[PDB]
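Q: data.txt is reproduced below (compact mmCIF, C-alpha atoms and all ligand atoms).
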```
# COMPACT_ATOMS: atom_id res chain seq x y z
CA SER A 1 86.30 75.70 111.07
CA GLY A 2 87.56 78.74 109.12
CA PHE A 3 91.27 79.39 108.36
CA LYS A 4 94.32 77.49 109.58
CA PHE A 5 96.64 80.42 108.73
CA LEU A 6 95.81 84.10 107.99
CA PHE A 7 98.50 86.66 107.39
CA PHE A 8 99.87 89.49 105.27
CA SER A 9 102.62 89.71 102.68
CA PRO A 10 104.67 92.88 102.97
CA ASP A 11 103.02 94.23 99.86
CA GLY A 12 99.69 94.30 101.76
CA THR A 13 98.10 91.22 100.22
CA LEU A 14 96.10 88.93 102.52
CA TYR A 15 97.02 85.27 102.44
CA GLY A 16 95.11 82.39 104.02
CA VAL A 17 95.14 78.60 104.26
CA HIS A 18 91.66 77.22 104.23
CA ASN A 19 90.76 73.50 103.88
CA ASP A 20 94.47 72.72 103.04
CA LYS A 21 94.45 75.24 100.16
CA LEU A 22 96.27 78.54 99.79
CA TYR A 23 94.55 81.79 98.88
CA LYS A 24 95.51 85.45 98.43
CA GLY A 25 93.80 88.71 97.72
CA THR A 26 93.30 92.27 98.73
CA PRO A 27 91.87 92.23 102.26
CA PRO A 28 88.15 92.88 102.71
CA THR A 29 86.91 96.36 103.72
CA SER A 30 83.36 95.44 104.84
CA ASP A 31 81.46 92.35 105.91
CA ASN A 32 79.57 92.57 102.59
CA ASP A 33 82.74 91.44 100.81
CA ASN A 34 82.83 87.61 100.42
CA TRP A 35 86.60 87.35 100.45
CA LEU A 36 87.01 83.59 99.97
CA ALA A 37 84.70 83.65 96.89
CA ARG A 38 86.91 86.30 95.21
CA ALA A 39 90.33 85.34 96.59
CA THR A 40 92.91 83.97 94.09
CA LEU A 41 93.44 80.20 94.50
CA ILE A 42 97.25 79.78 94.51
CA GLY A 43 97.70 76.29 96.12
CA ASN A 44 95.38 73.28 95.64
CA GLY A 45 96.55 71.19 98.66
CA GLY A 46 99.34 70.35 101.07
CA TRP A 47 99.14 73.56 103.15
CA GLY B 1 89.86 85.27 122.96
CA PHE B 2 91.18 85.96 119.41
CA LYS B 3 92.03 83.13 117.03
CA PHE B 4 94.37 85.36 114.94
CA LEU B 5 95.91 88.73 115.75
CA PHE B 6 98.34 90.31 113.32
CA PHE B 7 99.46 93.51 111.47
CA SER B 8 99.13 94.66 107.93
CA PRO B 9 102.30 96.30 106.60
CA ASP B 10 100.54 99.78 106.70
CA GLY B 11 100.30 99.27 110.46
CA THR B 12 96.59 98.35 110.83
CA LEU B 13 95.87 95.67 113.45
CA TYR B 14 93.74 92.77 112.28
CA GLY B 15 92.16 90.04 114.44
CA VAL B 16 89.73 87.16 114.16
CA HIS B 17 87.35 87.01 117.10
CA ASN B 18 84.21 84.86 117.29
CA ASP B 19 84.63 83.84 113.63
CA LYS B 20 84.62 87.52 112.55
CA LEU B 21 87.42 89.59 110.96
CA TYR B 22 88.16 93.08 112.47
CA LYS B 23 90.67 95.80 111.60
CA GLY B 24 91.73 99.00 113.38
CA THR B 25 94.54 101.18 114.54
CA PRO B 26 96.01 99.23 117.49
CA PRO B 27 94.90 100.05 121.01
CA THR B 28 96.96 102.66 122.77
CA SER B 29 96.19 101.90 126.47
CA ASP B 30 94.26 99.59 128.83
CA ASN B 31 91.31 102.19 128.53
CA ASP B 32 90.98 101.65 124.71
CA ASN B 33 88.12 99.20 123.98
CA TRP B 34 89.43 97.87 120.68
CA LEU B 35 86.56 95.50 119.82
CA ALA B 36 84.01 98.28 120.39
CA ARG B 37 85.71 100.54 117.79
CA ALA B 38 87.31 98.12 115.31
CA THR B 39 85.88 97.99 111.79
CA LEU B 40 84.03 94.73 111.07
CA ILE B 41 85.34 93.52 107.74
CA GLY B 42 84.05 89.96 107.73
CA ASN B 43 81.27 88.09 109.43
CA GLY B 44 81.74 84.42 109.60
CA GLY B 45 84.04 81.88 108.04
CA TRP B 46 87.30 83.07 109.58
CA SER C 1 101.97 79.57 130.46
CA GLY C 2 103.77 82.07 128.24
CA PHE C 3 102.26 84.01 125.40
CA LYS C 4 99.33 83.20 123.20
CA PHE C 5 100.44 85.55 120.38
CA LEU C 6 103.81 87.18 119.80
CA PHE C 7 104.38 89.21 116.68
CA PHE C 8 105.82 92.46 115.28
CA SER C 9 104.28 95.69 114.10
CA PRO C 10 105.81 97.07 110.89
CA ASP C 11 107.67 99.81 112.78
CA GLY C 12 109.62 97.20 114.76
CA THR C 13 107.54 97.10 117.98
CA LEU C 14 106.95 93.72 119.59
CA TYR C 15 103.32 92.85 120.49
CA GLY C 16 102.20 89.93 122.70
CA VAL C 17 99.07 88.58 124.30
CA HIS C 18 99.78 87.18 127.73
CA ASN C 19 97.12 86.07 130.26
CA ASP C 20 94.44 87.44 127.90
CA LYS C 21 96.07 90.93 128.13
CA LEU C 22 97.79 92.83 125.24
CA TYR C 23 101.33 94.29 125.62
CA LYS C 24 103.78 96.09 123.35
CA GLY C 25 107.37 97.31 123.59
CA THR C 26 110.75 97.62 121.89
CA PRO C 27 111.98 93.98 121.70
CA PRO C 28 114.66 92.85 124.17
CA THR C 29 118.35 92.54 123.01
CA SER C 30 119.59 90.56 125.94
CA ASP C 31 118.19 87.99 128.35
CA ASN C 32 118.89 90.51 131.17
CA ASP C 33 115.99 92.58 129.82
CA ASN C 34 112.68 91.86 131.59
CA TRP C 35 110.44 92.73 128.68
CA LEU C 36 107.04 92.03 130.23
CA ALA C 37 107.87 94.19 133.28
CA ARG C 38 108.59 97.26 130.99
CA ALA C 39 106.09 96.62 128.23
CA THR C 40 103.17 98.99 127.63
CA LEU C 41 99.85 97.47 128.73
CA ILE C 42 97.46 98.26 125.85
CA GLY C 43 94.60 95.85 126.65
CA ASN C 44 93.45 94.57 130.08
CA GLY C 45 91.49 91.53 128.85
CA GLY C 46 89.55 89.87 126.06
CA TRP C 47 92.56 89.02 123.83
CA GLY D 1 100.50 70.29 106.33
CA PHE D 2 102.55 73.26 107.57
CA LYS D 3 103.30 74.08 111.22
CA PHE D 4 104.19 77.70 110.40
CA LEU D 5 103.74 79.73 107.21
CA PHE D 6 104.72 83.40 107.09
CA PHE D 7 106.43 86.13 105.21
CA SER D 8 109.85 87.76 105.54
CA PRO D 9 109.69 91.50 104.96
CA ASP D 10 111.38 91.16 101.53
CA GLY D 11 108.42 89.12 100.28
CA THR D 12 109.78 85.59 100.58
CA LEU D 13 107.44 82.94 101.90
CA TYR D 14 108.78 80.76 104.78
CA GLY D 15 107.16 77.53 105.97
CA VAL D 16 107.88 74.77 108.47
CA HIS D 17 106.79 71.39 107.12
CA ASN D 18 107.67 68.00 108.68
CA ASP D 19 110.16 69.66 111.11
CA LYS D 20 112.01 71.36 108.26
CA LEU D 21 112.40 75.04 107.36
CA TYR D 22 111.74 76.07 103.74
CA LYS D 23 111.69 79.42 101.91
CA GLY D 24 110.83 80.59 98.41
CA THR D 25 109.00 83.12 96.29
CA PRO D 26 105.28 82.55 96.93
CA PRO D 27 103.19 80.67 94.36
CA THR D 28 101.38 82.60 91.67
CA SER D 29 98.94 79.83 90.73
CA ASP D 30 97.81 76.45 91.96
CA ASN D 31 99.92 74.89 89.17
CA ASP D 32 103.04 75.84 91.12
CA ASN D 33 104.36 73.09 93.40
CA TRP D 34 105.93 75.37 95.97
CA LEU D 35 107.25 72.76 98.36
CA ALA D 36 108.94 70.92 95.47
CA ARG D 37 111.02 74.03 94.54
CA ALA D 38 111.37 75.79 97.88
CA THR D 39 114.93 76.09 99.27
CA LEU D 40 115.52 73.84 102.22
CA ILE D 41 117.14 76.07 104.89
CA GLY D 42 116.85 73.76 107.85
CA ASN D 43 116.72 69.96 108.14
CA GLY D 44 115.04 69.42 111.55
CA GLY D 45 114.33 71.01 114.93
CA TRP D 46 111.75 73.55 113.73
CA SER E 1 109.47 69.83 119.95
CA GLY E 2 110.72 72.66 117.70
CA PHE E 3 109.37 76.18 118.08
CA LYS E 4 106.27 77.66 119.71
CA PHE E 5 106.50 80.87 117.61
CA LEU E 6 108.66 81.64 114.59
CA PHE E 7 108.36 84.99 112.90
CA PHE E 8 110.19 87.97 111.33
CA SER E 9 110.87 91.48 112.51
CA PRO E 10 110.43 94.05 109.74
CA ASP E 11 114.23 94.57 109.59
CA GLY E 12 114.57 90.97 108.44
CA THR E 13 115.67 89.30 111.66
CA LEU E 14 114.17 85.89 112.42
CA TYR E 15 112.72 85.48 115.91
CA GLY E 16 111.79 82.21 117.61
CA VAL E 17 110.31 80.96 120.88
CA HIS E 18 111.92 77.72 121.78
CA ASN E 19 111.62 75.88 125.09
CA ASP E 20 110.11 79.08 126.70
CA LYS E 21 113.16 81.16 125.58
CA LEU E 22 113.30 83.94 123.03
CA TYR E 23 115.98 83.91 120.28
CA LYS E 24 116.87 86.16 117.37
CA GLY E 25 119.26 86.00 114.38
CA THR E 26 119.67 86.32 110.62
CA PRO E 27 117.59 83.52 109.08
CA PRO E 28 119.46 80.32 108.10
CA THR E 29 120.76 80.21 104.51
CA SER E 30 121.03 76.37 104.20
CA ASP E 31 120.50 73.09 105.97
CA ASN E 32 124.20 73.29 107.03
CA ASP E 33 123.35 76.43 109.09
CA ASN E 34 122.70 75.41 112.73
CA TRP E 35 120.52 78.37 113.59
CA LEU E 36 119.65 77.65 117.18
CA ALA E 37 123.34 77.18 117.96
CA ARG E 38 124.19 80.67 116.61
CA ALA E 39 121.00 82.63 117.47
CA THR E 40 121.17 85.37 120.07
CA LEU E 41 119.48 84.47 123.31
CA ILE E 42 117.33 87.50 124.11
CA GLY E 43 115.00 86.06 126.77
CA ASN E 44 115.63 83.26 129.25
CA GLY E 45 112.00 82.24 130.19
CA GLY E 46 108.32 83.35 130.28
CA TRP E 47 107.61 83.23 126.52
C1 LIG F 1 102.46 72.82 99.75
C2 LIG F 1 102.53 72.87 98.23
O1 LIG F 1 103.54 73.20 97.67
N1 LIG F 1 101.45 72.40 97.58
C3 LIG F 1 101.37 72.45 96.13
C4 LIG F 1 99.93 72.93 95.66
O2 LIG F 1 99.47 74.21 96.24
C5 LIG F 1 99.98 72.99 94.20
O3 LIG F 1 98.66 73.20 93.75
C6 LIG F 1 100.46 71.63 93.57
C7 LIG F 1 100.62 71.79 92.07
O4 LIG F 1 100.54 70.46 91.63
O5 LIG F 1 101.76 71.14 94.16
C8 LIG F 1 101.40 71.13 95.50
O6 LIG F 1 100.84 70.06 96.12
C1 LIG F 2 86.12 83.93 105.12
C2 LIG F 2 85.22 84.83 104.30
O1 LIG F 2 85.54 85.15 103.15
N1 LIG F 2 84.09 85.18 104.93
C3 LIG F 2 83.09 86.07 104.29
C4 LIG F 2 82.55 86.95 105.39
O2 LIG F 2 83.58 87.62 106.04
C5 LIG F 2 81.48 87.91 104.79
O3 LIG F 2 80.90 88.62 105.86
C6 LIG F 2 80.38 87.02 104.11
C7 LIG F 2 79.25 87.80 103.45
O4 LIG F 2 79.92 88.73 102.60
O5 LIG F 2 80.97 86.18 103.11
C8 LIG F 2 81.87 85.27 103.79
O6 LIG F 2 82.20 84.31 102.92
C1 LIG F 3 89.75 92.67 123.07
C2 LIG F 3 89.46 94.12 123.53
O1 LIG F 3 89.06 95.03 122.75
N1 LIG F 3 89.76 94.26 124.83
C3 LIG F 3 89.49 95.48 125.52
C4 LIG F 3 90.50 95.64 126.59
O2 LIG F 3 91.90 95.48 126.12
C5 LIG F 3 90.27 97.02 127.27
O3 LIG F 3 91.19 96.99 128.38
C6 LIG F 3 88.74 97.20 127.73
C7 LIG F 3 88.20 98.58 128.15
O4 LIG F 3 89.36 99.35 128.34
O5 LIG F 3 87.88 96.91 126.65
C8 LIG F 3 88.16 95.46 126.39
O6 LIG F 3 87.25 94.58 125.99
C1 LIG F 4 116.28 74.75 114.68
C2 LIG F 4 117.66 74.64 114.10
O1 LIG F 4 118.53 75.49 114.31
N1 LIG F 4 117.87 73.51 113.39
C3 LIG F 4 119.10 73.21 112.70
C4 LIG F 4 118.82 72.63 111.37
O2 LIG F 4 117.92 73.49 110.61
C5 LIG F 4 120.07 72.47 110.57
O3 LIG F 4 119.77 71.77 109.28
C6 LIG F 4 121.04 71.58 111.42
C7 LIG F 4 122.38 71.31 110.80
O4 LIG F 4 122.99 72.54 110.50
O5 LIG F 4 121.20 72.15 112.72
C8 LIG F 4 119.92 72.11 113.38
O6 LIG F 4 120.20 72.45 114.58
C1 LIG F 5 108.43 87.43 128.78
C2 LIG F 5 109.56 88.12 129.55
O1 LIG F 5 109.57 89.34 129.57
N1 LIG F 5 110.50 87.29 130.04
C3 LIG F 5 111.71 87.75 130.69
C4 LIG F 5 112.97 87.00 130.12
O2 LIG F 5 113.10 86.96 128.67
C5 LIG F 5 114.22 87.61 130.79
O3 LIG F 5 115.26 86.76 130.60
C6 LIG F 5 114.00 87.85 132.34
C7 LIG F 5 115.18 88.54 132.93
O4 LIG F 5 114.81 88.75 134.32
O5 LIG F 5 112.68 88.52 132.59
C8 LIG F 5 111.90 87.44 132.15
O6 LIG F 5 110.91 87.07 132.91
```
Could the structure of this file be written out as structure tokens, please?
Ligand SMILES: CC(=O)N[C@@H]1[C@@H](O)[C@H](O)[C@@H](CO)O[C@@H]1O
Ligand SMILES: CC(=O)N[C@@H]1[C@@H](O)[C@H](O)[C@@H](CO)O[C@H]1O
Ligand SMILES: CC(=O)N[C@@H]1[C@@H](O)[C@H](O)[C@@H](CO)O[C@H]1O
Ligand SMILES: CC(=O)N[C@@H]1[C@@H](O)[C@H](O)[C@@H](CO)O[C@H]1O
Ligand SMILES: CC(=O)N[C@@H]1[C@@H](O)[C@H](O)[C@@H](CO)O[C@H]1O

A:
Amino acid sequence: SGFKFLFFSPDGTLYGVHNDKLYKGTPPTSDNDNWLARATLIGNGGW
Amino acid sequence: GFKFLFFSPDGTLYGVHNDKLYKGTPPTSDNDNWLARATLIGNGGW
Amino acid sequence: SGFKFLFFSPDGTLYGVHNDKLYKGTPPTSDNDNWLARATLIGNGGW
Amino acid sequence: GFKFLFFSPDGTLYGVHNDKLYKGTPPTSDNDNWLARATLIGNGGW
Amino acid sequence: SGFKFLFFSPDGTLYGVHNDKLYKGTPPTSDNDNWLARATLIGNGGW
């Protein structure tokens, strides 16, 4: 369930591994922000 | 407990607790109830 | 046994969850340095 | 997949995969096979 | 086997928990760099 990894790059971008895939994006600022729907897909598997 | 607990480079503490994502300035003593004051920035899926 | 989380803040302070409690302190530079005995207790439970 | 995955403060991605330590600039798109180009910086023991 | 935690300080030093002990050092630069053999032991137990 949820993320396997969740962490920041030093430039303040949020990265996460979810369902073996890698995502990044600006971190959310309220629970109304669906982060995973807007996050940039940057790895399609293997994570 | 928390599943993830980690800093942003601007020094904000982030944690995932009960599937929810929270941020806040880090607690400064054993009297500081972090979860009661942290900003809820995601509810579910974390 | 040991810590559940152990990570840095961006100013160089070491943070750690140990026995569900949160601690912080300047990291040790030798194994003679009992870090947990000097660390600041910043959370008494729930971590 | 990875056992650890994390940044160095200069912006380089580090990962432990199959006991090995790898680093490299993070991927920009899912067309980028990161593990295939990452620099192997440790062969075992991670 | 391997490490329980592996992470950076903001000054670029690699830290690792290995067999309950805390180590630090410049990150390895190649597979010919035996890191654990040259890392600085900074904690002998409890991690
Ligand atoms: C761990 C890793 O490098 N995985 C990459 C994946 O993210 C990328 O989408 C693909 C491009 O073909 O090459 C991989 O499998
Ligand atoms: C992992 C993730 O992105 N979870 C978000 C959640 O935090 C947010 O509360 C919800 C409604 O906006 O949308 C979810 O998808
Ligand atoms: C996870 C969290 O916020 N834990 C805090 C704890 O560290 C603090 O000692 C107490 C009241 O002081 O409030 C708790 O629940
Ligand atoms: C954890 C660690 O230090 N592992 C190193 C490995 O990365 C390196 O490839 C090898 C030969 O130099 O020495 C091992 O001890
Ligand atoms: C987690 C912690 O602080 N462990 C310390 C250890 O690194 C140090 O070698 C020792 C010296 O007495 O004090 C230990 O218990």

Q: Using 12 Å as the limit and counting only C-alpha atoms, can you tabulate each residue of chain C that touches chain D, with its shortest atom-to-atom distance in Å and the two atoms involved, as a tab-separated table?

A:
```
residue	atom	partner	partner_atom	distance
C:7	CA	D:6	CA	11.2
C:8	CA	D:9	CA	11.1
C:9	CA	D:9	CA	11.4
C:10	CA	D:9	CA	9.0
C:11	CA	D:9	CA	11.6
C:12	CA	D:9	CA	11.3
```

Q: Mind checking which residues fall within 10 Å of residue 33 of chain D, counting only C-alpha atoms, ignoring those fewer than 3 positions away in the same chain, and posting them as a PyMOL selection string?

A: (chain A and resi 42-46) or (chain D and resi 27+29-30+36-38)

Q: For chain B, work out the contacting residues on chain D at 12 Å, counting all atoms listed in the file, and write them as an mmCIF file with C-alpha atoms, in the frame of the given file.

A:
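Once everything was written out, this is out_32.cif:
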```cif
data_model
loop_
_atom_site.group_PDB
_atom_site.id
_atom_site.type_symbol
_atom_site.label_atom_id
_atom_site.label_comp_id
_atom_site.auth_asym_id
_atom_site.auth_seq_id
_atom_site.Cartn_x
_atom_site.Cartn_y
_atom_site.Cartn_z
ATOM 1 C CA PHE D 6 104.720 83.400 107.090
ATOM 2 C CA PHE D 7 106.430 86.130 105.210
ATOM 3 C CA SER D 8 109.850 87.760 105.540
ATOM 4 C CA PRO D 9 109.690 91.500 104.960
ATOM 5 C CA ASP D 10 111.380 91.160 101.530
ATOM 6 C CA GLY D 11 108.420 89.120 100.280
#
```

Q: Is it possible to see chain C as a PDB file with C-alpha atoms, keeping the file's coordinate frame, once it has been laid onto chain A by a least-squares fit on every C-alpha atom in order?

A:
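What landed in part.pdb:
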```pdb
ATOM      1  CA  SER C   1      86.289  75.298 110.411  1.00  0.00           C
ATOM      2  CA  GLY C   2      87.771  78.605 109.278  1.00  0.00           C
ATOM      3  CA  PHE C   3      91.373  79.250 108.428  1.00  0.00           C
ATOM      4  CA  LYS C   4      94.489  77.531 109.618  1.00  0.00           C
ATOM      5  CA  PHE C   5      96.782  80.483 108.760  1.00  0.00           C
ATOM      6  CA  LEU C   6      95.878  84.080 107.991  1.00  0.00           C
ATOM      7  CA  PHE C   7      98.615  86.612 107.466  1.00  0.00           C
ATOM      8  CA  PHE C   8      99.833  89.497 105.276  1.00  0.00           C
ATOM      9  CA  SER C   9     102.462  89.795 102.595  1.00  0.00           C
ATOM     10  CA  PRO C  10     104.585  92.955 102.832  1.00  0.00           C
ATOM     11  CA  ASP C  11     102.804  94.551  99.862  1.00  0.00           C
ATOM     12  CA  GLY C  12      99.479  94.439 101.723  1.00  0.00           C
ATOM     13  CA  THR C  13      97.983  91.233 100.242  1.00  0.00           C
ATOM     14  CA  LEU C  14      96.107  88.920 102.587  1.00  0.00           C
ATOM     15  CA  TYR C  15      97.096  85.211 102.504  1.00  0.00           C
ATOM     16  CA  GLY C  16      95.146  82.338 104.118  1.00  0.00           C
ATOM     17  CA  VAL C  17      95.178  78.575 104.264  1.00  0.00           C
ATOM     18  CA  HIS C  18      91.675  77.175 104.277  1.00  0.00           C
ATOM     19  CA  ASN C  19      90.774  73.466 103.904  1.00  0.00           C
ATOM     20  CA  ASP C  20      94.465  72.737 103.215  1.00  0.00           C
ATOM     21  CA  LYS C  21      94.337  75.128 100.189  1.00  0.00           C
ATOM     22  CA  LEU C  22      96.240  78.473  99.855  1.00  0.00           C
ATOM     23  CA  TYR C  23      94.431  81.727  98.883  1.00  0.00           C
ATOM     24  CA  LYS C  24      95.419  85.370  98.497  1.00  0.00           C
ATOM     25  CA  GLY C  25      93.631  88.650  97.806  1.00  0.00           C
ATOM     26  CA  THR C  26      93.269  92.326  98.679  1.00  0.00           C
ATOM     27  CA  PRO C  27      91.794  92.250 102.231  1.00  0.00           C
ATOM     28  CA  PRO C  28      88.079  93.008 102.659  1.00  0.00           C
ATOM     29  CA  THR C  29      86.953  96.500 103.924  1.00  0.00           C
ATOM     30  CA  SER C  30      83.413  95.576 104.736  1.00  0.00           C
ATOM     31  CA  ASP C  31      81.545  92.494 105.914  1.00  0.00           C
ATOM     32  CA  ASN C  32      79.580  92.637 102.611  1.00  0.00           C
ATOM     33  CA  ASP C  33      82.765  91.500 100.855  1.00  0.00           C
ATOM     34  CA  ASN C  34      82.925  87.717 100.337  1.00  0.00           C
ATOM     35  CA  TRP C  35      86.688  87.437 100.382  1.00  0.00           C
ATOM     36  CA  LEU C  36      87.078  83.683  99.919  1.00  0.00           C
ATOM     37  CA  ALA C  37      84.763  83.714  96.870  1.00  0.00           C
ATOM     38  CA  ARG C  38      87.032  86.339  95.094  1.00  0.00           C
ATOM     39  CA  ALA C  39      90.412  85.283  96.412  1.00  0.00           C
ATOM     40  CA  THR C  40      93.086  83.892  94.085  1.00  0.00           C
ATOM     41  CA  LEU C  41      93.575  80.139  94.556  1.00  0.00           C
ATOM     42  CA  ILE C  42      97.373  79.695  94.640  1.00  0.00           C
ATOM     43  CA  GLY C  43      97.620  76.170  96.103  1.00  0.00           C
ATOM     44  CA  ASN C  44      95.144  73.260  95.743  1.00  0.00           C
ATOM     45  CA  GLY C  45      96.370  71.187  98.709  1.00  0.00           C
ATOM     46  CA  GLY C  46      99.203  70.279 101.044  1.00  0.00           C
ATOM     47  CA  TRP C  47      99.154  73.507 103.126  1.00  0.00           C
TER      48      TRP C  47
END
```

Q: Mind pulling up the distance from atom CA of residue 47 of chain A to atom CA of residue 31 of chain A?

A: 25.9 Å

Q: Do you know which residues are at most 9 Å from residue 15 of chain E counting all atoms listed in the file, after dropping those on the same chain fewer than 6 positions away, and could you put them as number ranges by chain?

A: E: 5-9, 22-27, 39

Q: Provide the atom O1 of ligand LIG 2 (chain F) to atom CA of residue 4 of chain A distance in Å, to one decimal place.

A: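 Interatomic distance, atom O1 of ligand LIG 2 (chain F) to atom CA of residue 4 of chain A: 13.3 Å.
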
Q: So the first atom is atom CA of residue 13 of chain B and the second is atom CA of residue 25 of chain D; what is the distance between them in Å, to one decimal place?

A: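 Between atom CA of residue 13 of chain B and atom CA of residue 25 of chain D the gap is 25.0 Å.
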
Q: At a cut-off of 6 Å around ligand LIG 2 (chain F), and using all atoms listed in the file, what residues come up? Please write them as a PyMOL selection string.

A: (chain A and resi 31-36) or (chain B and resi 42-46)

Q: Determine the nearest neighbour of residue 5 of chain B from the options C:40, C:1, C:17, C:28, counting only C-alpha atoms.

A: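 Counting only C-alpha atoms, the residue closest to residue 5 of chain B is C:17.
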
Q: Compare E:14, E:29, E:19, E:2 by their minimum atom-to-atom distance to ligand LIG 5 (chain F), counting all atoms listed in the file, and give me the closest one.

A: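 Smallest distance to ligand LIG 5 (chain F) is found for E:19.
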